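Quick setup: one chain, the form deposited in one PDB entry, written in structure tokens, and binding and motion questions come after.
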């Protein structure tokens, strides 16, 4: 079967992270959309204009709004993109055939939206040469970050080629986790986000979303299906592109 996949990058990244996976999925016959979220990739906004994870998600919500009735998509979110998935599913659940989590945060419905971010920060407290700043938007102080190049090399792009790490140095931008805004946000809903099918894809060789964190997330909120990819690194769409496409094909053949 063919599907329409919507690929969702993590904070400080853009659609460009999907530059290897997108053509491979198209070579299987799928439709693929790879979005830039707000203040990401070549989006014209700067992060200081963005006040919440929901606002950050606007391009995804706008895209889903534009789908004609009856058309469903498979969302694929890497790393922090699982939060964009949850936000989207609480507006457009009927348009989502499934969500695939790709070394991603896996929010739940029982705890506040910041819960898995809070846990991540406990498991991985030291972001190396990442720099931080603060800005104010809608009366709240937001912590911005710019991912450190040592962190990128060693922990995110561990096994990627030098020309892929170079792209990350060139293209990663200032972003935010909006952790304190998530902490005050209404909970993700059971009828919306809780109802979607959730497929959790990961590698234990991930050097930022460590196994203790990922296995904790799987226990916390049981996925419908788990795929473990052997080897690779956090950026499986770069280091295990073929394996990710094969998994996504099977998801397209299972959920519609």
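Numbering follows the first chain given and starts at 1.
Heads up, the form solved in complex with a small molecule isn't pictured, but that's what we're talking about next.
This chain lacks the partner; the member of 116, 75, 89, 80 within 4.5 angstroms of the small molecule in the deposited bound form by a non-hydrogen atom is 80.
Residue in contact with the small molecule in the deposited bound form (any heavy atom within 4.5 Å), chosen from 167, 120, 97, 160: 120.
Remark: residue 147 counts among the residues lining the small molecule in the deposited bound form, judged by a heavy atom distance of 4.5 Å or less. At a distance threshold of 4.5 angstroms between non-hydrogen atoms, residue 35 is out of contact with the small molecule in the deposited bound form. In the deposited bound form, the small molecule sits within 4.5 Å of a heavy atom belonging to residue 156. Although the partner is absent here, residue 127 lies within 4.5 Å of the small molecule in the deposited bound form, judged by heavy atoms.
Stretch 204-212 is the contacting one of 23-31, 224-232, 204-212, 43-51, since its residues have non-hydrogen atoms within 4.5 Å of the small molecule in the deposited bound form.
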